[PDB]
């Protein structure tokens, strides 16, 4: 005969959905990493031998929590900064003089308030063509008939830094270490950790930057791959560099909408008039895109696949809409999707609406000219269209949650069920 016996602390876990917190390394920043608890010095990797666990990168909640964290992280940091609402005055934009007639920036003058309803000033600025819309000459900001506009503080740095995502006690996160895991399904060589690795929040389009590289062979991940309306994330087994620059020596005017509200506009270009651009190695891209074409052919009955630019997306979808050392770039990617280097024509906009929100309008202060960013293409973001006997893959974006799924694909949260009940021949007393 047998009797029930209580075992406390048995390796049993349930599902997910808890409250994850932040973690940062040794150290001002934007992502509130000062309030992030210090990341433990050495991590705690330990393999769960004989354990096969079912993952689901597209139904993960760490992404939905991070995507909500990043959105909430921006609004909390935008409150005390200067709002450019009084900057919606009539802009008497003209033009910036060049030497070559074969624009991108305009010279706009306007009135603003100085000391409240008293004397005003007639000051000028240099706004990009994308930041301005004519009302026909006459001009105004692109987002004033939409909703409120506000400027981010220059005292903050929106550059991506490692953000370790931890689970509290009584919970854990599982880590799939199989090199060829296609994002969903079972996985072996599973390990357990308390915090994720150094995940940098990179917001880009069509190209994944500074992400974790794939190992062994190239990896592809999607949902219903037969469904063309579902987005496709591509991993990179060999990285492709990309150096993007803005070769203009901008100036930073400090005009005052007193009291305290000081708006920093673009002063005057000192030097030559050049255009922003992204340098990618054509010999590296033509071979790397050829190896993605190989893995693409494996997921289809030997169907030759074509690449083409975007369809009808906005400026943030049809172009590699990423961010460098301050300014926001929009590189026309019709060249890569059709032995030396390739160069893209990148535009710059200052008043953007990130995450495609209603009510949001940020202003990126001008950087003091000659900005250079060294990046690393570690992924892609493709879509498909329709349903003849060839396949066309176009770059897409839209939802920024896919950016966080590309790094949180191998993580799922699990709680702990320490209670263990099992029978063994063991009794007690009266």
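Residue numbers count along the first chain shown, from 1.
- Going from residue 387 to residue 388, the model skips 1 to 3 deposited residues, which lack coordinates.
- Unmodelled stretch separating residue 224 from residue 225: none (count of deposited-sequence residues without coordinates).
- Higher mean CA B-factor, judged across 199-207 and 213-221 from the recorded values: 213-221.
- Look at the mean CA B-factor for 417-425 and for 13-21 in the entry; the higher one is 13-21.
- Highest CA B-factor among 262, 279, 85, 100, as stated in the entry: 100.
- Within the listed group 301, 154, 267, 247, the record reports its top CA B-factor for 301.
- Ranked against the other modelled residues of its chain, the C-alpha B-factor of residue 171 as given in the entry falls in the middle third.
- For residue 394, the recorded CA B-factor ranks within the middle third of the chain. Only modelled residues enter the ranking.
- In the deposited entry, the Cα temperature factor of residue 75 sits in the bottom third of values across the chain's modelled residues.
- In the PDB entry, a CA B factor belonging to the lowest third of its chain's modelled residues is recorded for residue 191.
- Per-chain ranking of the deposited C-alpha B factor places residue 313 in the highest third.
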